[PDB]
Amino acid sequence: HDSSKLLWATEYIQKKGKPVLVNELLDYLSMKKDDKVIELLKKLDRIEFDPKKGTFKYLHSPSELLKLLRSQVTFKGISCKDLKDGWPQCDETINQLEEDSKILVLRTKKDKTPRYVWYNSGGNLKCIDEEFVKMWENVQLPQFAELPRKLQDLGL
Amino acid sequence: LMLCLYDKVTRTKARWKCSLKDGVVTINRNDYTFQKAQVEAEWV
Amino acid sequence: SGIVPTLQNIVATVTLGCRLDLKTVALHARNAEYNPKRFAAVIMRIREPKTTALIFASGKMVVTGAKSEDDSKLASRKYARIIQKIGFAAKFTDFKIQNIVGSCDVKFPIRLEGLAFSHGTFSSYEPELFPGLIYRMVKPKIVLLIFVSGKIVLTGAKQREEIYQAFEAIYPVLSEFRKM
Amino acid sequence: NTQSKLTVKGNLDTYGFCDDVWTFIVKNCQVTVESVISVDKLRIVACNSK
Amino acid sequence: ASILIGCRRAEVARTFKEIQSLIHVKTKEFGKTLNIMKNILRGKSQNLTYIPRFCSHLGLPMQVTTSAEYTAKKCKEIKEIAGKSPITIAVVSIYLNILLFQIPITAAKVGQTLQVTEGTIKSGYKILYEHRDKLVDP
Amino acid sequence: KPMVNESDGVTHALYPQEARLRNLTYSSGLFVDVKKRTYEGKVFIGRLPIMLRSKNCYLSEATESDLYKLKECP
Amino acid sequence: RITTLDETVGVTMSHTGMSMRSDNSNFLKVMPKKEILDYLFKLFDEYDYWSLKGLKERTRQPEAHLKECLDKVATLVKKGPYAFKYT
Ligand SMILES: [Zn+2]
């Protein structure tokens, strides 16, 4: 079919994943021997077609990650689907680029911590021990407008 | 070449008893059509 | 004493350095067994030494049935020659001893009850499941079997020297609990 | 329409198991029919009927 | 196996089948994990009682057991490890005593009560018929 | 009829005199035939204490001399 | 009325204990990828609601070969009303 040939060629181009001659593209899967696939490559982004030499590519750094993280300011939250495909082992970069240099959203330790769009000043700030964090939880923020007097009682 | 079907072959590391059913045996230009054959072979 | 452990079973590992087609190996070799859905290793055997091999498509070869390092090595080399005879670029390398099983007979009956009771740390004993006693030496880390019939079976060693050391250290136990 | 029973008693030379196909090549083997045929070259090719 | 550890500690014991059929755990990992319990027991620290219970279900007088016990004692000491899992020859101690007396409890009835194959019964009986010469107490 | 399953597991007829001395309970077992069915023999269920001199007790109709033998006052 | 059990207490107890006999009365006793892909392409096209396990059940092919066959020319949907359907 017209769509089946395009789907198979796109997967085959994805399976090949390398820029090679368009002539070899047809013989790799023995299906894209008609002009329909070549026109589909120029018309669809699944197969990259350009006037240059035979080459099909995908249609990469923590610096780009930070800019991409900054690219989602006051917007929806993105996933690392493009980040890891556009930069393999992008989860490691999050661990390496700590101190907010690469923020993430670790869903759990059973799904490779699927991250989300996040930017921060400190990010981790691990040096504050949980004892300070526990006493932060142990101290409960008090009730209503008596509190402005309460901090006045403490001298504020 | 005995192009038959096996049922149950018993062996302890030195001997073969090959059950054969619904097949043929070709010896001396005369085919042996058998219901059940047990090839009690021996291993070197 | 004067009784040396008699080696029973040597299990080894061999890497041929090239991937193998176990179907072609089974077909070409006159002495080879392979079941794809029972165990994905060719059970290739020779009579000298009388050994069993676990020949995998990845090239791993587990040689068992030998009773020494050199017999296992020669069996592995013969199996590698069988492999290279077909046309696979096998290479006899990375030969390693995995398990060495030795046996010996102190020839006198032992008091297994006192041996078990005194050696709860070192001896494993359940006469109703197996009337032989399992002795676990730490130096060397060897497992030893102890029976009333006097037979002692030592297994799992990386070296037959470990088996000999285990029997030399356990012979005082065998003679100490010898019933006369 | 098969009634014969065969009992091949000889010396197996080569064997092989692939695609659940057993190839038993016996040399100087005697097969007992129901008369026993002492046949030198026999190749038992056993295929899975299950 | 805790019950086995319990009952044995309770100074009685029942055959594994009487417990394995009581609680089916395929008997393989059951015993294997059972053994380490003794090792844990030692780390945290016997057919002689099977005698009267066996004759109990068959309803006989009291003097059988000690007469059987005398026979049971003689087998193992000289030779005849006799069983490799020697639970089998526990009955062999008994049957050559019921062969002595005229009450018909032939291995047909023992085989359905004590559940021993006559392959073990007849073999154990006859190899103990060889040494029964030294076994005349009264 | 009344009996007792002793420590080893042996089960023998129990006599009332023994019951009092050995702190036993003069009971007897119950057994029911069970029929099991799958749709598209005898089963023990428990014991039962028995009234002394009841129809089922060993002392049901024993002789006076026999009672003396069993050490139970007529 | 009740039938007295003259048979001794042990023998009446015999069946009721561990006699090592049960079940006397029966009661509650208790590959090639292209051809597979060709099978998957045929199974998906011929039957829109062709189960992947059903394709393994119909083509009599291994689940590893049948599942890998669907990833090329067949649709593998695991959620929604069209669950486990190859088209
Ligand atoms: Zn408030």
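Residues numbered from 1 in each chain as written, not as in the entry; some residues may be left out. Chains lettered and ligands numbered in written order. Part of a larger assembly, values for the part shown. Heavy atoms only, no water. Residues with missing side-chain atoms left out of burial classes, pairs and counts.

Per the deposited record, the coordinates in this entry were obtained by cryo-EM to a resolution of 4.0 Å.

1. Digging into the overall build of chain F
In plain terms, the rule: Runs of H or I in DSSP of at least four residues are treated as helices and runs of E of at least two as strands, each being numbered from the N terminus. Radius of gyration: over C-alpha atoms. The globule rule applied is 2.2 Å multiplied by the number of residues raised to the 0.38 power. A simple rule labels every residue: compare its accessible area, found with a 1.4 Å probe on the protein chains alone, to the largest value its type can have, and call it buried under 20%, exposed over 50%, or partly exposed in between. Per-residue and other accessible areas were derived by the Shrake-Rupley procedure at a 1.4 Å probe size, with only the shown protein chains allowed to occlude residues.
Each helix and strand in chain F was counted, giving two helices and four strands. Walking chain F from its N terminus toward its C terminus, one meets helices and strands in the order β-β-α-β-β-α. Relative to the globule expectation of 11 Å for 74 residues, the C-alpha radius of gyration of chain F, 16 Å, shows a markedly less compact shape. Along the three orthogonal principal directions, the C-alpha set of chain F runs to about 60 × 30 × 15 Å. When the 74 residues of chain F are sorted by exposure, 28% land in the buried category. With the model as given, the accessible surface of chain F reaches about 5400 Å², and the carbon-plus-sulfur share is 54%.

2. Remarks on the pattern of salt bridges
What counts is decided by this rule: Salt bridge criterion: a side-chain nitrogen from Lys or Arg within 4 Å of a carboxyl oxygen from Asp or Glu.
Between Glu33(C) and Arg45(C) there is a salt bridge, and its shortest N-O distance comes to 2.4 Å. Of this pair, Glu33(C) sits in strand β2 (residues 32-35) while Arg45(C) sits in strand β3 (residues 39-47), placing them twelve residues apart in sequence. Between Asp20(D) and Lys37(C) there is a salt bridge, with the nearest N and O atoms lying 2.9 Å from each other. Separated into two different chains, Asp20(D) in the loop between β2 (17-18) and β3 (21-33) and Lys37(C) in the loop between β2 and β3 make up a pair that spans both. Through salt bridges with shared partners, a single ionic network connects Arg11(B), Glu33(C) and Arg45(C).

3. Details of the interface of chain C and chain B
For the record, the criterion: Contacts were defined at the residue level, with two residues in contact if any of their heavy atoms lie within 4.5 Å. Each residue gets one label: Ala, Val, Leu, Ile, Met, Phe, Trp, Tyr, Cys and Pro are nonpolar, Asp, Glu, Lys and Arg are charged, and the others, such as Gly, are polar.
Listed as interface residues are four residues of chain C and, on the opposing side, four residues of chain B. For the side of chain C that touches chain B, a count of residues per class yields no nonpolar, one polar and three charged.

4. Thoughts on the interface of chain B and chain D
At the interface, 29 residues of chain B touch 29 residues of chain D. Among the secondary structure elements, those contributing two or more residues to the side of chain B that touches chain D are β1 (2-10), β2 (15-27) and β3 (30-42) of chain B. When residues of the side of chain B that touches chain D are assigned to their parent elements, the largest contribution, eleven residues, is made by β3(B). Considering only residue class, the side of chain B that touches chain D consists of 19 nonpolar, four polar and six charged.

5. With respect to the packing of helix α1 (residues 2-9) of chain E against helix α3 (residues 28-44) of chain E
Residue and element names in this part refer to chain E. Applicable threshold: Interaxial angle, 0 to 180 degrees, is taken between N-to-C directions of lines fitted to C-alpha atoms, where a helix line uses only the stretch in contact. Orientation categories follow fixed angle ranges, with anything under 35 degrees roughly parallel, anything over 145 roughly antiparallel, 65 to 115 roughly perpendicular, and all other angles oblique. In a left-handed crossing the near helix is turned counterclockwise from the far helix by less than a right angle, and in a right-handed crossing that turn is clockwise.
The contact between α1 and α3 brings their axes to 9 Å, and the two run at 55°. Looking at the two axes, α1 sits oblique to α3. For the element pair α1 and α3, the recorded crossing hand is right-handed. On the side of α1, the interface is formed by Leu4, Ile5 and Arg9, while α3 contributes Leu34, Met37 and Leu41. When grouped by side-chain class, the residues that make up the contact of α1 with α3 number five nonpolar, no polar and one charged.

6. Observations regarding the sheet that holds strand β1 (residues 6-15) of chain C
All names here are of chain C. The test is simple: By this definition, two strands are paired if DSSP reports at least two bridges between them.
Taken in spatial order, the ten strands line up as β2-β3-β4-β5-β1-β6-β10-β9-β8-β7 in an open sheet, and their pairing is antiparallel. Edge positions in the sheet fall to β2 and β7 (123-126), since each has one partner strand and no second. Along the sheet, successive strands turn relative to each other by an average axial angle of 15°, direction set aside. Note that strand β4 (residues 50-56) and strand β5 (residues 60-64) share four bridges and pair antiparallel. The residue of β5 that forms the bridge with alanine 53 is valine 63.

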